[PDB]
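Trainee: With the entry's author numbering, the residue at position 658 of the sequence shown is 658, and numbering never jumps.
Right, I'll just put the structure down here and ask away after.
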Amino acid sequence: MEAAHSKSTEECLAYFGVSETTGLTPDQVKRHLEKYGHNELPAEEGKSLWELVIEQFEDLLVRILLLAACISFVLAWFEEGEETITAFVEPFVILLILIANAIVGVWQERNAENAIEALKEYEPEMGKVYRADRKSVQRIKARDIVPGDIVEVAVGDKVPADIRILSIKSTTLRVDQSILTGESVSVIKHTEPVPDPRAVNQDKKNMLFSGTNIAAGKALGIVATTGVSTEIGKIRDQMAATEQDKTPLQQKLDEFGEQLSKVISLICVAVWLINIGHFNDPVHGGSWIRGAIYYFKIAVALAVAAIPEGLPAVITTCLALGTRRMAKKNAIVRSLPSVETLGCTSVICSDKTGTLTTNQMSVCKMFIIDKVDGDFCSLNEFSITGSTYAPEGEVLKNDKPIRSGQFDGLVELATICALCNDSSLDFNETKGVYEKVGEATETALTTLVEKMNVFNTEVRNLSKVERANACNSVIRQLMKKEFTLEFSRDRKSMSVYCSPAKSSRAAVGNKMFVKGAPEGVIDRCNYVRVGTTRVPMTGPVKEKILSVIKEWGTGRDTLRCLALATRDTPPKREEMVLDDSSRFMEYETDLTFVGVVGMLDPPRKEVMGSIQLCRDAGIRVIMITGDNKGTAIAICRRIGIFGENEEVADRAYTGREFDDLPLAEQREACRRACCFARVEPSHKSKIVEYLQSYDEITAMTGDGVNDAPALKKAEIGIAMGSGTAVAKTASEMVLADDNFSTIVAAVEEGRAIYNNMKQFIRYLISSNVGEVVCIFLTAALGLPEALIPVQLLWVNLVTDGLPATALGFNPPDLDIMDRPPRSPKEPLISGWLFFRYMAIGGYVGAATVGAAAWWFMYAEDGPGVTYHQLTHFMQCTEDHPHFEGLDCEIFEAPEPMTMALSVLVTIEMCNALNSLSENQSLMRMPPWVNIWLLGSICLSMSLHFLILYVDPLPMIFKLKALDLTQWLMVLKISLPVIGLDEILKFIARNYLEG
Ligand SMILES: C/C=C(/C)C(=O)O[C@H]1C(C)=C2[C@H]([C@@H]1OC(=O)CCCCCCC)[C@@](C)(OC(C)=O)C[C@H](OC(=O)CCC)[C@@]1(O)[C@H]2OC(=O)[C@@]1(C)O
Ligand code: NA
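Here's what the structure looks like:
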């Protein structure tokens with residue numbers, strides 16, 4: 001039964017055909033188990049180790065590298081020679097990267113925990129049932145529990161399934177439904193049916209939800225639903241059905257792989273098309289076995305030259321360090337790729353209480369009735385100082401200190417606040433401050449009566465701990481609390497039944513003290529306290545009361561108002577049913593209005609400016625609160641969301657108003673709203689969807705399992721540090737200090753990181769562009785290989801990895817938050833920038849190839865080989881007289897490759913400096929603006945010389961130490977790359993900035 005809350009206890013027992021006294025028969029247990037299944041959320045997909053390794057080879061680029069590893073392995077096999085010490089090195093390194101890449105991918109899934117499995121933390125192992133096969137209670141496995149089962153719970157027990165309460169054996173039953181919401185304040189349950197079939201869980205006062213705890217009491221019930229059909233199971237299904245898209249960077253990177261694959265293939269065809277002329281070569285002569293190895297050697301090199309092998313490592317490093325940085329700013333980011341998404345945040349939906357505000361309640365104002373004389377009326381307004389829970393403050397009338405005891409109305413006022421209260425104070429000796437015990441709202445009343453002191457009790461003589469509950473205890477000794485009628489949202493109030501102390505043999509003198517929302521309470525007030533006297537409630541007076549309430553709540557005070565009334569003649573104790581909470585409003589009628597208290601939940605000191613930062617950054621901020629629409633709007637105006645005098649009729653909605661709109665007007669409302677009050681449980685997810693329908697990168701806050709699907713759906717789900725474990729696991733970021741300002745600080749940091757990420761991404765890919773051209777040129781012209789896979793890998797992983805990493809430490813722009821959010825579809829390289837790297841790559845490709853060609857020709861250490869024979873170097877071993885001179889093995893010399901490599905390295909060191917700013921020249925933004933970058937370049941070169949001198953290394957990379965003259969030639973051809981980019985930057989700054 002999904003609607004068991006609306007059904008009577010007799011109807012639920014009738015439905016399943018079960019006896020409350022005996023329970024389900026063994027046949028019924030069988031039939032119900034087979035029908036509804038076991039009481040458990042389905043097990044997650046057990047991704048095996050082998051299946052996990054395979055996923056690491058599903059990426060397009062790692063498959064290309066895998067293919068390039070195979071050809072390299074085959075070529076390292078089928079070869080003539082005895083020097084295999086530098087043959088199987090190349091295919092082994094490529095394989096090592098793939099394996100190392102596969103190791104990391106497995107290490108992540110090993111440590112990653114999804115929120116769906118975090119929900120299984122809330123399903124207990126055991127559960128107690130009554131079945132017909134036994135007299136006493138039998139504790140069985142909770143998964144074996146079925147709908148229709150008669151279950152028993154007690155204090156400490158974790159509720160095994162969604163249960164319709166049948167009988168409460170103890171006096172009262174308190175349940176901790178904190179895993180659903182955030183308020184750990186235990187709620188009271190009953191057995192009477194809840195009329196509304198479409199009632200929310202908060203109002204289902206006769207249900208026990210799977211996962212919650214019995215704070216107090218012991219009761220018997222019948223299982224309504226199990227497994228995924230429970231409230232927590234229905235949430236699990238929503239999360240499982242929620243499909244989270246990849247971050248914009250991941251979508252661009254994936255796009256990059258798709259296109260890099262095409263290019264790689266295209267080039268291969270191009271190389272073949274250029275060498276079509278080999279079809280006109282005689283079949284007799286030459287070597288088709290050496291001609292094939294050449295075309296396969298350059299193929300392997302082409303792949304390695306294309307893939308930014310070091311990029312996924314550099315990205316991860318930047319994010320991990322940024323995460324550590326954000327952690328110090330109270331922002332705990334859980335997913336590394338979410339850092340980018342965080343910087344693209346266009347809309348931030350934050351809860352008010354605890355985040356936008358301090359959740360530190362404090363009574364600021366209050367008023368009683370001073371005089372009612374016909375059409376004439378006067379109130380007595382007061383003000384209270386001190387915003388802390390400490391009993392340190394005074395009461396003022398017109399800014400003048402007054403004694404509360406001199407007002408009879410205020411004595412009754414304080415009496416209500418002390419007795420109609422389930423909270424208290426406690427001075428912490430460890431911290432040294434007064435902390436709250438219970439609800440923040442009720443505790444604010446506890447603090448108030450300590451400041452008022454209507455009886456002028458000697459409180460300056462007491463200690464610090466005894467000072468906490470002083471004036472309260474004085475009032476408690478006056479009236480004896482018989483019982484309390486709990487709060488309920490249907491009547492929005494609570495009350496306490498009290499009898500006088502000195503009254504052992506009497507039945508006359510009882511009083512009821514009511515508190516709650518002003519509207520409902522005042523409507524039930526037929527009388528008015530004027531000091532000790534009482535007058536009938538009249539029109540003009542009632543309006544005078546409601547007006548001030550409207551002013552305090554909707555004004556710049558933004559106060560939450562509570563109405564306090566007393567029932568002078570409460571119904572007889574015997575004529576009251578304390579189990580039927582439906583009759584409570586009736587019990588709280590014919591009241592006498594005493595006064596109204598106004599309390600403030602002050603906004604954080606940093607929220608005001610943080611909101612403004614968002615306005616500057618084009619980030620819309622939406623408030624979600626429990627306040628009424630009027631107060632909600634007022635608080636928005638106070639914190640700067642709304643202009644103090646701007647129209648907001650179409651920018652603020654209640655949950656009910658939002659439901660009354662058609663689906664078309666709902667989507668429209670979300671694109672312009674900034675304030676949601678009294679929101680219904682399903683609305684957070686709905687709002688996110690609508691925001692996503694406008695392609696908004698949405699941030700969303702929450703702290704309970706109720707908000708879990710919304711947190712998972714939003715691009716950046718945000719959880720509170722004081723929040724639940726499931727909410728945290730369902731989020732992308734955790735606010736350690738629960739502060740809204742932490743969010744904004746995180747977004748700014750998110751922008752700074754991605755800007756630097758744009759740099760080393762474009763820097764590394766730019767290098768790969770130049771490398772490919774080098775491989776293409778050396779294949780098109782038919783030149784000996786200038787750069788080999790082993791060398792290119794060292795560059796892309798180490799030599800260029802260090803400057804790339806350093807580019808992630810580039811100083812952020814000063815106008816970071818003075819710019820609109822970045823469009824997710826904004827490409828990393830396009831337009832004139834595409835042309836720049838198109839030119840730079842062409843330069844690098846020519847410089848590296850040219851440097852190798854320079855050694856074969858116009859070099860002293862090199863031969864006098866002409867161009868015509870350098871392109872036909874594969875024919876020197878056969879057609880000797882055509883190229884008579886030196887040995888044919890000189891075409892495999894290590895010197896020209898070192899010249900190419902050193903040029904590649906040097907240029908990329910220069911291009912790293914060119915990557916400090918996109919358009920700003922080095923004359924405007926010097927290289928020493930980034931000290932980390934300069935240090936990285938020094939290290940990269942030190943590692944370059946490392947593999948040039950340390951004997952085991954230059955053999956592996958096929959390198960030889962360059963002469964001073966040769967090194968000069970490297971600088972002659974490398975350094976002017978700065979001038980080239982400088983010109984291109986100059987063209988961008990003066991002929992494109994429109
Ligand atoms: C490693 C070497 C090059 C070949 C390369 O990256 O491939 C291209 C390709 C994949 C794109 C291009 C490259 O285009 C070429 O260089 C083609 C010329 C071929 C010359 C050879 C002679 C026959 C990028 C690299 O060119 C330069 C000019 O910047 C820019 C950009 O890249 C980005 O925006 C960064 C990716 C996150 C992408 O156009 C990108 O694909 C698109 O989806 C984007 C948006 O990605
Ligand atoms: Na999410």
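Just so you know, even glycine gets a beta-carbon here, dropped at the ideal spot from N, CA and C.
#1: I'd like to confirm something about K252: is its beta-carbon nearer than 7 Å to some heavy atom of ligand 4, or not?
#2: Taking contact to mean at least 3 C-beta pairs separated by less than 8 Å, is the region 856-868 in contact with the region 883-897?
#3: Rounding to the nearest angstrom, what Cα-Cα distance links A563 and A752 in this structure?
#4: Between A306 and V772, which are expected to be in contact by the criterion C-beta below 8 Å, what is the C-beta distance as a whole number of angstroms?
#5: Near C674, which residues of its chain fall below 6 Å by C-beta distance, leaving aside the five closest residues on each side in sequence?
#6: Is it the case that the CB of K262 approaches a heavy atom of ligand 2 more closely than 7 Å?
#7: Throw me the rounded Cβ distance for the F957 and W832 pair, which I believe falls under 8 Å.
#8: Taking just the CA atoms, how far does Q875 sit from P881?
#9: Among the candidates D59, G509, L356, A746, whose CA atom is the shortest distance from the CA of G702?
#10: Would a C-beta distance cut-off of 8 Å place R491 and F584 closer than the cut-off?
#11: Specify, as a first and last residue, the run of the beta strand (DSSP E) that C349 falls within.
#12: Which of helix, strand or coil does DSSP assign to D408?
#13: Grab the span of the beta strand (DSSP E) containing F883 for me, first residue to last.
#14: Tell me whether the region 262-277 and the region 29-46 touch, counting them as touching only if at least three CB pairs, one residue from each stretch, are closer than 8 Å.
#15: Please tell me whether, using a cut-off of 7 Å, the distance from the CB of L342 to the nearest non-hydrogen atom of ligand 2 is below it.
#16: What separation, rounded to the nearest whole angstrom, lies between the Cα atoms of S6 and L413?
#17: Could you give the distance in angstroms between the alpha-carbon of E20 and the alpha-carbon of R131?
#18: Could you pull the DSSP bridge partners for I188 from this structure?
#19: Give the range of the alpha helix (DSSP H) segment to which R290 is assigned.
#20: Any chance the CB of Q759 is under 7 Å from a heavy atom of ligand 1?
#21: Assign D963 to one of three DSSP states: helix, strand, or coil.
#22: Verify the contact flag: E918, CB atom, against every heavy atom of ligand 2, threshold strictly below 7 Å.
#23: Does the Cβ-Cβ distance between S346 and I85 come in under 8 Å?
#24: Using a Cβ-Cβ cut-off of 8 Å (strictly less than) and excluding sequence neighbours within five positions of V137, which residues of its own chain qualify?
#25: Under 8 Å by Cβ, that's how I've got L75 and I293 pegged, so tell me the actual separation to the nearest angstrom.
#26: Return yes when the C-beta of residue 1008 is under 7 Å from any heavy atom of ligand 2, and no when it is not.
#27: Going by beta carbon distance, what residues of the same chain come within less than 6 Å of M361, once the five residues before and after it are set aside?
#28: Measuring from the CB of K246, is there a heavy atom of ligand 2 at a distance below 7 Å?
#29: So the candidates are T316, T724, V688, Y694; which of them puts its Cα closest to the Cα of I716?
#30: Please state whether the Cβ-Cβ distance between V175 and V187 is less than 8 Å.
#31: Report the rounded CA-to-CA distance for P536 versus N526, giving the unit in angstroms.
#32: Can you tell me whether residue 1000 sits near ligand 2, meaning its C-beta is under 7 Å from at least one heavy atom of the ligand?
#33: Any heavy atom of ligand 1 closer than 7 Å to the beta-carbon of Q869?
#34: Excluding sequence positions up to five away, which residues of its chain have a Cβ less than 8 Å from the Cβ of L379?
#35: With the cut-off set at 8 Å, would you say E458 and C471 are in Cβ contact?
#36: Taking the straight line between their C-alpha atoms, what separation do you get for residue 1026 and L260?
Mentor: So, from the listed chains and residues:
#1: As presented, the structure is devoid of ligand 4, carrying ligand 1 and ligand 2 as its sole ligands.
#2: Segments in contact, yes.
#3: Computed Cα separation, rounded: 50 Å.
#4: With 8 Å as the limit, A306 and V772 qualify as a contact, their Cβ atoms being about 5 Å apart.
#5: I622, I641, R651, listed in sequence order.
#6: Flag unset: Cβ of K262 not near ligand 2.
#7: Going by Cβ atoms, the distance from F957 to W832 rounds to 36 Å, so no, they are not a contact pair.
#8: Just so you know, the alpha carbons of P881 and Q875 end up roughly 10 Å apart.
#9: Among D59, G509, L356, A746, the Cα nearest to that of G702 is on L356.
#10: Yes; because the gap between Cβ atoms is below 8 Å, this pair is in contact.
#11: 347-351 is the span of the beta strand (DSSP E), which, as asked, contains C349.
#12: Looking at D408 - three-state DSSP - the assignment turns out to be helix.
#13: Neither: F883 is in no beta strand (DSSP E) and is coded neither H nor E.
#14: Fewer than three beta-carbon pairs drawn from the region 262-277 and the region 29-46 are found closer than 8 Å, and the two stretches are therefore not classed as touching.
#15: Flag unset: Cβ of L342 not near ligand 2.
#16: If I take the Cα positions, the gap works out to 38 Å.
#17: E20 and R131 have their C-alpha atoms some 9 Å from each other.
#18: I188 is bridged to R174.
#19: Counting along the chain, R290 sits inside the alpha helix (DSSP H) bounded by residues 288-306.
#20: False, no ligand heavy atom lies under 7 Å from that Cβ.
#21: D963 sits in coil when the DSSP states are folded into three classes, being neither helix nor strand.
#22: The answer is no for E918.
#23: No, the Cβ-Cβ distance between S346 and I85 is not below 8 Å.
#24: The answer, listed in chain order, is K128, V129, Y130, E152.
#25: Sure, about 6 Å apart at Cβ, within 8 Å.
#26: No answer is possible for residue 1008: it lies beyond the span of the chain, which begins at 1 and ends at 994.
#27: Excluding sequence neighbours, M361 sits near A440, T441, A444, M599, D601.
#28: Checking every heavy atom of ligand 2 against the Cβ of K246, none is found closer than 7 Å.
#29: Closest option to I716, judged by alpha-carbon separation, among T316, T724, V688, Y694: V688.
#30: Yes, the Cβ-Cβ distance between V175 and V187 is below 8 Å.
#31: Cα to Cα, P536 sits roughly 6 Å from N526.
#32: The structure shown does not extend to residue 1000, since the chain is modelled only from 1 to 994, so the question has no answer here.
#33: With a cut-off of 7 Å, the C-beta of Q869 is classified as distant from ligand 1, since no heavy atom of the ligand falls inside that distance.
#34: Spatial neighbours of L379 in its own chain (CB-CB distance under 8 Å, excluding positions within 5 residues in sequence) are listed in chain order as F367, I368, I369, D370, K544, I545, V548.
#35: Not a contact, by the Cβ cut-off of 8 Å.
#36: Outside the shown range of the chain, which is 1 to 994, sits residue 1026, and nothing can be said about it.
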